[PDB]
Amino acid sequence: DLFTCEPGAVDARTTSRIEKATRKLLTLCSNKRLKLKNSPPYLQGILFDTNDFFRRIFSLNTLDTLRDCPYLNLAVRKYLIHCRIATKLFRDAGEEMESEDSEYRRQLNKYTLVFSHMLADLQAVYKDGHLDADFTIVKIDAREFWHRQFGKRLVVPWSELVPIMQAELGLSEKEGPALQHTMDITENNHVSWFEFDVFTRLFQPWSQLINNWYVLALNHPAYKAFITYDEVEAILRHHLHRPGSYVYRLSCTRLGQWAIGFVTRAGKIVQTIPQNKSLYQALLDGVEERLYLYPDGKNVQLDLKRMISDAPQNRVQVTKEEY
C-alpha cells in the first residue's frame, strides 16, 4: 500500500520535495479566476502553513533524530501523495475547476479538508516542531486504552486497531469502513494518538463510545459533519419562526470539539462551542433547558438516551450493503 511508517521518506532532500510539491499546488490554486474563498478550510493558507511547519521540524531536529520516526515518515508520504492527487485533480478539467458546483470542486473542497486535518495532526504529534514523546490523550479512559495497547507508539495501522476495537469496544467487522471514515480523518490508513484523541473527545462517554458514534454521527438528523459557520446559518435561517431548531457540526479549526447552532426563543440564530462538555451531555441539557427541540427544524422528538440504549440492537439490523 502507499501509506507506510517505514523509514525512507525522511532524508536530506525531504524539505526540497515538500517545497516543490507545495508551490506546484499553490500556483494552481492561485488563479484569481478561481473564486476560492478565505473561509476555513483555506487551502492556500494550509499549504503554506504545512510547508512552513515541516521546515520548522527539519530546522529544529537533525536528520539522525528524524530519520526513523514512524509518524514523520508517514506524514511526509501522505503529504507528497496528497499533493500529487490534488495536483492531478486540478489538471483534469482545469476550466471545470472554476465551476463552483463541479464534481471537481467538490472533490477539491474535500481534499482541502484532509490537508487541514493533516496539518492539525502534524502540529499535535510534532508540537512546536519537536516530537511530543509524552503526548497526553485528553479523556482518561482513552489514554489508558492507548497506553495499555500501544504504550508510547505514536501511530498504529487501521488493520491492527480494528481487532482490538472489536474485542474491547464491541465494534463489528461491517462497521469498520464507516468507523474508519470518522476516525482516520487524515485518510492515511493509520490512527495517530491525536486522531484517537479527537475521536474519543467527540464520542465520549467512553462506556458507550461506538453506540455514541453510531447515533450521533450516523443516525441523528441534526448532524451536519464538517460545514462552515456560514453554512449553519444558512440552514437555520429557514427556521427562524421555529425556536428550538438546531443542528450541530464539526469544526475543521477545532478538532475534537463540536459546534451547535440553534434558534433562540427570540428568533435569533446562535452558534456556540460548548465549553468543557460532551456533545452527548450538551444535547441532553439542551433538551432539558428547551433550547434544542427540533433537530434540523424537523418535528421529531429524539429521546437521545433511548436511542443510545437501542443502538446495540439497531446496529445488528444494519447489513453489510447498507454501509
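For every residue, the number given is its place in the sequence shown, counted from 1.
Visitor: Can you tell me which stretch has the higher mean Cα B-factor, 35-43 or 270-278?
Guide: Higher of the two, by average CA B-factor, is 35-43.
Visitor: Which is higher in the entry, the mean Cα B factor of 68-76 or that of 99-107?
Guide: Per the deposited B-factors, the answer is 99-107.
Visitor: Just grab whichever of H117, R249, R84, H181 has the top CA B-factor as deposited.
Guide: When the deposited C-alpha B-factors of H117, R249, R84, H181 are compared, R84 is largest.
Visitor: Going by the recorded CA B-factors, say which third of the chain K152 sits in, lowest, middle or highest.
Guide: It belongs to the middle third of the chain when residues are ordered by C-alpha B-factor.
Visitor: Please say which third, lowest, middle or highest, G94 falls into when its CA temperature factor is compared across its chain.
Guide: It belongs to the highest third of the chain when residues are ordered by C-alpha B-factor.
Visitor: Within this chain, which third does the Cα B-factor at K127 fall in: lowest, middle or highest?
Guide: Its C-alpha B-factor, which the entry lists for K127, ranks in the middle third among residues of this chain.
Visitor: What third of the chain does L28 rank in for C-alpha temperature factor, lowest, middle or highest?
Guide: Top third by C-alpha B-factor.
Visitor: Pull the Cα B-factor of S192 out of the PDB entry and bin it into the chain's lowest, middle or highest third.
Guide: As the PDB entry reports it, the C-alpha B-factor of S192 lands in the lowest third of its chain.
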